[PDB]
Each structure stands twice: as C-alpha cells, then as structure tokens.
RNA sequence: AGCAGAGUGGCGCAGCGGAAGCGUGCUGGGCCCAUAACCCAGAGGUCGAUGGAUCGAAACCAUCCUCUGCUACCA
C-alpha cells in the first residue's frame with residue numbers, strides 16, 4: 052500500500068520524468084499524451100516499493116547491477132549489491148504536484164495531503180528563484196518540515212553557479228525551516244547519487260503517528276477513468292476516487308459520504324447542500340489487492356458513484372467522511388487571516404515586481420484554498436483580523452486547521468497570505 | 007524567335023566555335039544576380055565583391071544574356087560600384103573552365 | 006436479346022443507347038435499352054449551344070440518355086435526339102438500364118440449361134415470364150425486379166405462375182446475396198445523468214427490457230459509445246416493424262432510472 | 001475506441017454494380033511566318049489481406065488488418 056506521501060514539487064525546467072522514474076519506477080502521466088510542453092503540469096500519481104539488501108541503496112528487481120539509459124553519451128552504472136532476494140522495508144507513495152506557477156492553486160491542493168516533500172531545484176535560472184520560496188513557505192504553514200532539498204538539474208551547470216544558488220535560497224529562507232533539511236546534489240542525466248537519496252528518505256522521513264482508531268476521512272484529489280470499455284454497458288459499475296486518507300482505517304464495504312454536497316434544486320439562497328452517499332466497492336493501492344485502507348497513504352477507492360462525476364476531473368479537493376460525518380458544510384465562512392509583507396511566488400532578476408500588496412477591498416473574488424478544497428468566494432466584510440467570505444460551492448471544514456489565501460494580481464491568482472478558520 | 011522574317015537582312019551567323027581568353031587585369035568572370043530592364047543589369051563577381059554590370063555595344067541586341075550564368079566583365083579603371091560587361095561565354099564553356107580549375111568552384115548552372 | 010417489355014420504343018420516351026460509330030450528320034447508334042436495333046441521332050438536336058471539341062462530347066463506347074423523337078414502325082427507323090434530356094431522366098433511365106441487366110442475367114441461368122442453340126431462345130423465356138411479372142406492377146413504377154424481390158421474402162409470387170426447376174436455387178441465391186445484408190439503422194437515443202450508486206444494476210434491468218413481450222433469450226446488440234448515451238440496436242427486421250421497439254423502449258430506460266434517485270433527461 | 005475515407009495504372013483528388021473515373025501535369029503532334037489561346041495523341045499493371053454470389057470485382061456484397069479525417073478513451 053503506502054506509509055508516507057513524499058511530494059515532488061519543483062519549478063520549471065528540471066525534468067520530471069527522469070527523476071520520478073528513478074525514485075518510484077512509475078511514470079508521471081495524465082491527459083494529453085502526447086507528452087508535456089516541458090515538465091508535468093498535471094497532478095501525477097505513483098506508488099513504489101522500497102527494499103534493502105541490508106545496504107542504504109535501494110535495489111531494482113534485478114539487484115546485481117543497474118545500467119541506466121538516461122543518455123548514450125556515456126554509460127551510467129551503479130551497483131546496489133548482489134542477489135538472493137531483498138528485504139521489504141516499506142511501501143512508499145508519491146504526490147507529483149504541478150511544476151508551473153499558474154497552476155499554484157492546484158499545487159497547493161495536492162501538496163496539502165502529503166507527509167513530506169522534495170524540493171526539485173534547477174540551476175539554470177535565477178539563484179533565489181520565486182517558486183522555491185513559495186513552496187517552502189506553504190509547507191511550513193500546512194504542518195510539515197520533513198523536507199529534503201534536491202538539486203535536480205546541475206548536469207551542465209558549473210560548480211560556482213550551483214553553489215551560489217544553494218547559498219542564496221538557504222539565506223533568503225532564513226525564517227523558514229531548511230537548516231535541518233539536507234541538500235543532495237544529484238545528476239539527472241547520469242542518475243548519480245540516487246543511492247544516497249534512498250538513505251536520506253528513510254532517515255529524514257519516518258512514518259509519522261497515524262490515528263487508526265479515529266473516524267475515516269478520505270480527501271479526494273483525482274477522479275477516475277471509469278468506465279466505458281467492455282463488455283456490458285452503459286455508465287459504469289462505478290467511479291474511482293484517487294484520494295489520500297489522513298485519519299482512520301477505511302475498511303472495504305464501508306459506506307462513505309462526500310460532504311461538500313450537491314445543492315438542492317431551485318435554491319433562492321446559498322443553502323441547502325445535501326451530501327452524496329456511495330458504498331465502497333474496492334480499495335486498490337499499488338498493484339496489489341487489499342481489504343483495508345490504512346491512513347497515511349494514497350489509495351484508489353472505487354465507490355458506487357456513477358460515470359458523470361468521474362468523466363472529467365471534477366472531484367478535485369472534495370472531503371469524504373465515513374458516514375454521516377460530523378464536519379460542518381459552510382457556505383459562508385469566518386476567516387481569521389494574516390498577510391505576507393511581500394508578494395510571494397513572483398520575483399525576477401530586476402526589481403519588477405515584488406513588494407507590499409495593498410489591503411483587500413470588499414466584493415472582490417479571491418481563491419480560498421481551505422483543506423485540499425479550492426473554492427472561489429467574495430469578501431463581504433473586511434476587517435483586518437476578521438473577514439467574512441461567501442463561497443460559490445460549499446466547503447466541508449474537517450477542522451479549523453489552516454487556509455491559504457490568494458488574490459488575482461494579474462492573469463492568475465498569486466499567494467498573498469494564510470490564516471486559520473474560526 | 008519563332009522564325010518570322012526580316013531576320014536575314016543581316017549577318018547569319020553563328021559561333022563557329024571558339025575560344026578562349028580569361029580574366030585579364032581588371033577583366034574577369036562574374037555571375038548574373040538579377041535581370042533589370044531598360045538595358046543595364048546586375049552581376050556579382052566570382053571573387054566576393056558585388057558590383058553592377060553594364061552592357062556593351064554590339065552585344066546589345068545581338069546576344070541575349072538570360073538570368074543566371076557566367077559572363078566576362080571588365081572593371082572600370084577608377085569606378086568600384088559600376089563595372090562593364092565584355093564577352094560572355096557559353097554554358098558548356100563555363101563548365102569546361104570549372105573542370106579546368108581556373109574560376110572558383112562555387113556556382114551551379 | 007430484348008432488355009425491355011416492349012420490343013420497339015414509343016414516342017417521347019427516355020431510352021439509352023451505346024455509341025458504335027460517329028456520323029457526319031449526327032450519330033448512328035445501337036440500342037441497349039431495347040434490342041440491338043439501329044437508331045439515328047442528328048447533329049442539330051444535341052445541344053442548344055456551340056461545340057468546339059467533338060470527342061469531349063459524344064464518342065464511341067458511351068452510354069448516353071436520349072429521347073425517341075419519331076419511329077417508323079414498319080421500316081424500323083428509330084429517330085433519336087439528345088436535345089431534350091434532364092439529369093432526373095438520367096437517374097430514372099440508368100436505374101432501368103441497370104435493373105434490366107440484372108433481371109436478364111437471372112433470365113440467363115434459365116437459358117444455360119435449356120435449348121439455346123438459336124438466339125431466339127431468350128426471347129421465348131422473356132415474353133412468357135417477364136410480362137406477367139412487370140405488366141401487373143408497371144403502372145405503380147415497379148420493374149420485374151420488384152416481383153422477384155417479393156418472391157424471395159415471401160414465396161407465393163413465383164408459385165402463382167409457372168415455376169421453373171434448378172432456377173429456384175440460383176434465383177434465391179442471387180436475390181438473397183445481392184439484395185441484402187440487410188439491414189437495420191435502428192439506434193437508440195437515451196440520455197441519463199444519475200446521482201445514484203444503484204444505477205449500475207438499474208441499467209441492467211432496463212437494457213434487457215428493450216423489447217417487451219419477447220423471451221428472456223432474445224439476442225440484441227448493446228453499444229456503449231459514451232457514459233450518458235446508451236445505444237441499443239433493437240431486433241433487426243427491416244426498420245418498419247421495429248419502430249415500436251425503438252420508440253417505446255426509450256421511455257423504459259429513462260423511467261427506470263428516475264425511480265432510484267433524482268431527475269433525469271426525458 | 002464511435003462514425004467516415006482509402007489502401008494508384010504518371011501526378012493530385014479517389015468514380016460507379018463493365019478492367020484507370022475526374023481534374024491536372026508531363027512528353028509529342030496539329031494550327032500559325034512564329035508565340036500564346038485553341039485542337040488531338042499517350043502510360044508493362046487482382047488497385048492491403050481472407051471469402052461468397054457472379055461472366056467478372058478498387059469498384060456486387062461480406063469477414064479481417066493498417067493508415068488517416070472528425071469525435072474521443074481504454075492504455
């Protein structure tokens with residue numbers, strides 16, 4: 052299954068497929084294939100098995116040696132050991148977030164259900180690069196600090212440039228946790244020092260305490276392509292949710308409720324929403340059958356919903372509770388909030404632009420990323436430490452946790468501040 | 007032309023074949039670039055310098071110099087930009103000169 | 006031999022010919038819309054406009070539609086004209102030309118076995134069989150092909166008048182081989198947008214009831230093209246008997262799914 | 001993968017139940033003192049496979065495969 056969710060976030064032009072296939076062995080893929088204008092801009096999924104030969108390096112199935120195929124310029128070979136079967140240490144899960152700035156709201160959502168991260172830095176561009184800081188700050192807000200910085204694209208980048216970049220990032224982030232996070236330079240054109248990464252992810256990132264006894268909550272981020280094959284139609288025996296569970300052991304045959312709900316017919320107001328109920332058909336993770344779905348892992352829960360809800364990616368950031376979950380489904384919400392004194396996620400080579408953003412004004416639409424949900428809503432009252440927001444689609448608030456608040460600076464929204472629900 | 011008449015009052019002809027000066031001092035081989043009207047015409051020299059070529063008496067309406075092809079050009083004693091056409095060759099003659107290795111081996115026909 | 010019910014054409018009728026020579030005064034041509042009798046076309050009555058080329062108009066080895074302007078009944082001079090021709094007449098004549106060819110090929114199998122040492126053999130077969138098939142149904146626009154097509158799908162037509170031997174197998178084979186496979190363009194149009202989870206089994210009950218009052222063992226063709234769209238090609242007759250199968254079945258699927266939760270497309 | 005088209009005999013488009021169909025091009029001839037326009041003349045040949053009726057099948061009708069067009073998903 053899975054034990055931890057390590058995320059693979061990283062700004063434009065570092066190469067995703069080479070690094071993702073080295074760590075998991077499962078390609079990051081999605082709609083439009085095709086391939087990728089550059090690096091994956093979709094929310095990729097992948098799981099993997101991490102075993103040892105009693106060595107800090109992680110074998111392949113063929114554990115005698117491993118000859119790469121990253122480049123035919125030279126032969127990159129590494130040796131994990133010699134063969135006689137290897138001991139299974141754990142089953143790991145990844146969360147490949149978008150690597151592009153416009154997709155920030157999606158990157159936030161996907162990130163918010165991980166248990167650790169890997170900041171994929173690229174040495175090609177600017178030293179205190181916008182997105183590195185954006186990522187790091189969001190991570191410390193959500194409730195994580197289990198980060199391993201990875202210098203992923205320094206294959207042709209000289210050692211002065213690459214040294215200056217790690218220095219400037221680590222010096223800018225002087226108020227964000229990063230001093231207890233290692234910085235592992237690797238090759239992505241010769242897959243070198245990959246074996247030492249395997250030592251790091253088992254060290255810096257154990258399994259955090261998971262609450263089995265507590266009531267099941269599944270947070271779905273990705274829909275399912277079911278169905279439409281054959282034989283026997285139409286619509287499906289139904290619809291599969293790619294979600295991570297962050298609380299409770301969800302057992303097979305259990306009934307689960309999707310709690311933001313669907314709005315009642317001919318509503319004259321903003322109420323009333325009614326949750327949808329679906330019975331769990333199957334609990335699939337990796338490529339191995341399971342009867343349970345332990346928390347701390349990203350699992351494909353097939354449920355008895357019908358094709359229309361899964362025919363496109365429409366279940367991004369929905370909260371699912373088993374069953375008749377107590378969590379309130381607000382339509383208008385009381386945010387406590389604070390703002391950054393800089394505009395995060397933007398800063399280029401020349402002061403233009405990135406400074407203090409002006410105070411929020413009422414009746415402006417802002418993206419409130421609450422939980423893994425992403426709703427848009429307008430601010431109806433605006434006091435400094437008390438704003439009232441009215442949301443277009445209702446938000447199930449599992450706990451008052453955190454929020455991330457963004458404002459439409461130009462073409463798309465950009466992160467301005469965070470806070471906590473009251 | 008396509009036959010016609012009045013084209014015999016005057017000296018048929020032809021090139022009984024024949025042969026073969028060069029270059030001389032300021033008197034060298036060029037290739038037709040364009041094909042202006044009025045009378046004059048363009049022609050880049052084979053050395054690398056461009057120049058604008060000019061027709062010469064007799065050769066006026068007695069010999070047509072279609073576009074593209076080698077041609078013999080005198081250079082004006084003092085003038086750079088404008089130069090003076092001489093003595094054209096034949097396309098066969100030009101490929102024999104190329105095979106000999108006397109003009110530069112760069113232009114195709 | 007003759008391809009047509011009458012031996013000689015009438016006046017103002019649309020016919021077909023095949024050019025075998027080109028004349029100075031027009032075109033002398035053989036018929037293949039009747040006997041191989043001679044008919045003369047004239048140069049004046051071919052067009053109402055100029056004529057530069059001449060072999061990019063009429064040439065040898067071409068079927069050309071034309072109108073019989075006059076006929077000498079006794080002499081056998083079939084005067085002809087191409088001046089009055091419309092494309093609608095060409096469609097009507099090409100069909101009759103093609104249909105006579107296939108019908109005479111059916112009435113050639115008969116002559117393969119019987120005494121045909123003389124050319125008049127086919128003429129003997131043609132007059133006695135063809136006329137009673139087509140004359141009864143010429144006034145409604147049918148050829149002898151309609152009579153034979155009716156016989157294969159209900160055999161009483163060719164048993165109502167003298168039935169030949171060995172003919173019947175080849176007759177059946179050629180009718181059933183060429184005029185089939187044989188066909189239903191019945192497709193169901195069904196739209197559904199469920200909020201149900203019991204929809205998967207609900208649809209199964211609805212699918213198997215596409216035709217009411219049939220056995221549980223009825224074979225049908227289910228098709229899934231998209232998630233809301235359920236296409237059922239219902240029981241394949243001719244699409245004039247499965248009309249009730251198409252129409253009322255659509256009501257079943259849309260009704261069965263509304264009972265288990267929410268509103269749907271009607 | 002649902003629907004559509006095709007699987008050269010110079011080119012390009014692919015026409016129908018009679019073995020190149022249309023448009024075009026190339027090459028040659030004719031007309032003219034000449035050119036254009038105009039008029040004629042061409043060319044080794046199951047046209048992806050497996051079958052049936054047939055005198056015969058790119059073309060009459062099927063069973064398969066592949067490439068593409070539109071729609072669009074399993075992967």
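Protein chains in written order, with the entry's author numbering: chain B, 52 to 473; chain j, 7 to 115; chain A, 6 to 271.
Using N, Cα and C, we set each Cβ at its ideal position, and we do this for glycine too.
Counting only C-beta atoms, is residue i closer than 7 Å to chain B at any point?
{"i": "residue 218/A", "result": "no"}
{"i": "residue 232/A", "result": "yes"}
{"i": "residue 211/A", "result": "no"}
{"i": "residue 215/A", "result": "no"}
{"i": "residue 205/A", "result": "yes"}
{"i": "residue 198/A", "result": "yes"}
{"i": "residue 229/A", "result": "yes"}
{"i": "residue 202/A", "result": "yes"}
{"i": "residue 147/A", "result": "no"}
{"i": "residue 235/A", "result": "yes"}
My understanding is that residue i touches residue j, with C-beta atoms under 8 Å, so please give their C-beta distance in whole angstroms.
{"i": "residue 60/B", "j": "residue 148/B", "result": "4 Å"}
{"i": "residue 274/B", "j": "residue 365/B", "result": "6 Å"}
{"i": "residue 332/B", "j": "residue 359/B", "result": "Actually they are not in contact, since the Cβ atoms of residue 332/B and residue 359/B sit about 17 Å apart, beyond 8 Å."}
{"i": "residue 326/B", "j": "residue 312/B", "result": "5 Å"}
{"i": "residue 227/B", "j": "residue 201/B", "result": "So it is not a contact: roughly 17 Å between Cβ atoms."}
{"i": "residue 363/B", "j": "residue 306/B", "result": "25 Å between Cβ atoms; not a contact."}
{"i": "residue 75/j", "j": "residue 27/j", "result": "Between residue 27/j and residue 75/j the Cβ distance is about 17 Å, and since that is not below 8 Å, they are no contact."}
Excluding the five sequence neighbours on either side, which residues of its own chain have a C-beta within less than 7 Å of the C-beta of residue i, listed in chain order?
{"i": "residue 33/A", "result": "26, 43, 45"}
{"i": "residue 297/B", "result": "164, 268, 270, 346"}
{"i": "residue 127/B", "result": "119, 121, 241, 242, 243"}
{"i": "residue 443/B", "result": "426, 427, 428"}
{"i": "residue 41/j", "result": "47, 73"}
{"i": "residue 69/B", "result": "121, 239"}
{"i": "residue 56/j", "result": "50"}
{"i": "residue 175/A", "result": "114"}
{"i": "residue 130/A", "result": "112, 115, 116"}
{"i": "residue 258/B", "result": "54, 55, 347"}
Give every residue of the same chain whose Cβ lies closer than 8 Å to the Cβ of residue i, excluding the five residues on either side of it in the sequence, and list them in chain order.
{"i": "residue 251/B", "result": "199, 233, 235"}
{"i": "residue 221/A", "result": "213"}
{"i": "residue 225/B", "result": "none"}
Counting only beta-carbon separations shorter than 7 Å, does residue i have a partner in chain A?
{"i": "residue 141/B", "result": "no"}
{"i": "residue 416/B", "result": "no"}
{"i": "residue 392/B", "result": "no"}
{"i": "residue 331/B", "result": "no"}
{"i": "residue 399/B", "result": "no"}
{"i": "residue 429/B", "result": "no"}
{"i": "residue 285/B", "result": "yes"}
{"i": "residue 380/B", "result": "no"}
{"i": "residue 325/B", "result": "no"}
{"i": "residue 368/B", "result": "no"}
{"i": "residue 304/B", "result": "no"}
{"i": "residue 356/B", "result": "yes"}
For residue i, report the span of its beta strand (DSSP E) as first-last.
{"i": "residue 336/B", "result": "324-336"}
{"i": "residue 95/B", "result": "95-103"}
{"i": "residue 45/j", "result": "Run containing residue 45/j: none; DSSP gives neither H nor E here."}
{"i": "residue 457/B", "result": "454-459"}
{"i": "residue 420/B", "result": "416-421"}
Let's see if you can read the secondary structure: which residues bound the alpha helix (DSSP H) around residue i?
{"i": "residue 99/A", "result": "92-118"}
{"i": "residue 251/B", "result": "245-254"}
{"i": "residue 139/A", "result": "126-139"}
{"i": "residue 263/A", "result": "248-263"}
{"i": "residue 425/B", "result": "Careful: residue 425/B lies outside any alpha helix (DSSP H), inside the beta strand (DSSP E) at 424-434."}
{"i": "residue 153/A", "result": "149-158"}
{"i": "residue 271/A", "result": "Careful: residue 271/A lies outside any alpha helix (DSSP H) and carries neither H nor E."}
Take residue i and list the residues in its own chain whose beta-carbon comes closer than 6 Å to its own, dropping the five residues that flank it on each side.
{"i": "residue 314/B", "result": "324"}
{"i": "residue 134/B", "result": "114, 115"}
Ranges of the alpha helix (DSSP H) found wholly within the stretch 180-234 of chain B, counting only runs of at least 4
Positions of the alpha helix (DSSP H) runs, each at least 4 residues long and wholly inside the stretch 180-234 of chain B, are given as 181-193, 210-223 in order along the chain.
Quick one: which unbroken beta strand (DSSP E) runs of 3-plus residues sit fully inside the stretch 118-155 of chain B? Chain order, please.
Runs of the beta strand (DSSP E) inside the stretch 118-155 of chain B: 138-147.
Tell me the start and end of each unbroken beta strand (DSSP E) in the stretch 40-87 of chain A that is at least 3 residues and wholly inside, in chain order.
43-47, 68-77, 82-86
Taking the runs of the beta strand (DSSP E) that are 3 residues or longer, which of them lie wholly in the stretch 21-68 of chain j?
33-37, 58-60
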